[PDB]
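Shown next are two forms of a single protein chain, provided one at a time as structure tokens under the names structure 1 and structure 2.
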Structure 1
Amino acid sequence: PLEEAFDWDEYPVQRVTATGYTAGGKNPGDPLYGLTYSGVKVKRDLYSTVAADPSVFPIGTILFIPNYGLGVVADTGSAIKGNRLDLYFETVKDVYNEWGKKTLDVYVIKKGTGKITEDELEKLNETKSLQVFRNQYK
């Protein structure tokens, strides 16, 4: 894999705060959907389109981003300032495939009856004794 095939430490290194983003009054069929600042469409490929602060990484900058891939600075955003990098992903499934835990043990707290209603799910979410943990999830 790329992380090991090349000797990246021979290149200048910079630290960033990394986030993820995807495309999308625009819908996936519209001609302007997915267009980056630079004019190219978002792309995940050998060279993927990423967003940066152009005063730190100019448009056209090529970066190697470990466990993501080569990135080309193609996009910007008003919230993308300083040593900030927004990594493009096509879908939620793709980002979990690349960073989430696939092999997972889970615990069975209560077996279902076969049905659940909005009222029942709300009453679970409102559980008085668990509200201290809810802030994290909601």
Structure 2
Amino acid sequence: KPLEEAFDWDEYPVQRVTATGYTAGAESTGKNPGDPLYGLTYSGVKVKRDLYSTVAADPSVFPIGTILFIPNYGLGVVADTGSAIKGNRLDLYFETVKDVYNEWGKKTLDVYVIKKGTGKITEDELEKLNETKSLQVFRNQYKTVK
């Protein structure tokens, strides 16, 4: 039986947060494996994924040592910080980048099938779709470059 179902968690105080995953790797921490500080959180404990996992928070909201229950992740102990983790934000530790993508990022949803493909697509065809005139009004919401 899941821990989510094993207690009446709504008896505890609740905080709405925005949560992402992170790993010890350089994408997240700037550190490389081989650095003696690799895996070391702000609190001084090493990152861990277990029954109680290390998470990052803003210590002004959740002090270091705070225990949280995060549905679909598990029990967390606030052990780390981050420059983007301010306010009602959490970063949940996962061992690998793929684990973040798969265990936190995977979402079931409906998508709409606009046109079935033929089995091939060219650069020119992709460019022409991107230049669709009637849709240019929407486009700057999707490009990364200003």
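All residue numbers here refer to structure 1's sequence, counted from 1. Only residues modelled in both forms are compared. For clarity, a rigid core is taken as the largest C-alpha set superposing within 1.5 Å between two forms.
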request  = Once the core is aligned, please say if the CA of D45 is shifted by at least 2 angstroms between structure 1 and structure 2.
outcome  = no
task = Please say whether, between structure 1 and structure 2, the C-alpha of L124 moves by 2 Å or more once the core is aligned.
result = yes
request  = Would you tell me if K115 moves between structure 1 and structure 2 by 2 Å or more at its C-alpha, with the rigid core held superposed?
outcome  = yes
message = Give the rigid core superposed Cα shift of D105 between structure 1 and structure 2, in Å, rounded to one decimal.
response = 12.8
remark   = Rigid core fixed, the Cα of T91 shifts between structure 1 and structure 2, in Å, by 1.3
Core-superposed comparison between structure 1 and structure 2, runs of at least 3 residues with CA shifts of 2 Å or more = 25 to 31, 92 to 138
